[PDB]
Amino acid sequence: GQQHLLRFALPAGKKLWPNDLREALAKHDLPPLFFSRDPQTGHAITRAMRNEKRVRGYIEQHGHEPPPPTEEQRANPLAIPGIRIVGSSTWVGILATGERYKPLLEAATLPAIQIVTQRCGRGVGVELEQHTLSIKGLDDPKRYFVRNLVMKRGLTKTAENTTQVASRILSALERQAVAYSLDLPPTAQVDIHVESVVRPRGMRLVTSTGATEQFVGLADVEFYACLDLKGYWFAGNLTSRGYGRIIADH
């Protein structure tokens, strides 16, 4: 429900992408959960079993019933990143969503200041934003962007990507709404229109274990929707690294 954004305004010259900050913070002694890695599995956070009926199939699959979910799985059944490293070309920061994840942001605050000030020299601005996530229907379309939407699969260069992207956004909203016990306005009210899918392109997937041969689809988005979002909402994949950030146009 409650979000804290630690935001560093970068000096005119210098860039510091979310992934650079993330990797630099990897050199400090921060808990795995800060990087959306489950400390009780050693893997990235992911979902446990949802449907009881699969136990049977699990058993013959593995020779035993499924283990109890990890603490992060019980707390975060949909595997939504409680910590994201976010930013654009002009700023970089750390978004904690939920009181569970606020101590991680605290732990990482001074390391992050060190990293940003070292990389950028003098001039770095800082803000701490507080939001509570909310979603409400409107009578008129509000304009939005999605910065660096990532779709691991299904992003094409042909025009129907516009609707392919729309579906993803909707799913994302539902996903987040379910995660945070928020009520979704009806799809017919939302009336999402992806006005634009800019520069559909590829991006090599790099993980904690190294760069991979999988590429994912990457693109920037303009869309409209009769929706009022409070707080920071995301769509697409790899949002723990700031990808897919929904930005209200002002």
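One rule holds for the numbers: they count along the sequence shown, beginning at 1.
Of the two segments examined, 234-242 and 12-20, it is 12-20 that shows the higher average Cα temperature factor in the deposited entry. Looking at 50-58 and 33-41 together, the entry lists the larger mean B-factor for 50-58, computed on C-alpha atoms. Out of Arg175, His131, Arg168, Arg119, it is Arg119 whose C-alpha atom has the highest B-factor in the PDB entry. Sort the modelled residues of the chain by CA B factor and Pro111 lands in the lowest third.
Compared with the other modelled residues of the chain, the Cα B-factor recorded for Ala96 ranks in the lowest third. Per-chain ranking of the deposited C-alpha B factor places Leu6 in the lowest third. Among all modelled residues in its chain, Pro67 ranks in the highest third by Cα B-factor. Among the modelled residues of its chain, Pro103 has a C-alpha B-factor that falls in the middle third, as given in the PDB entry.
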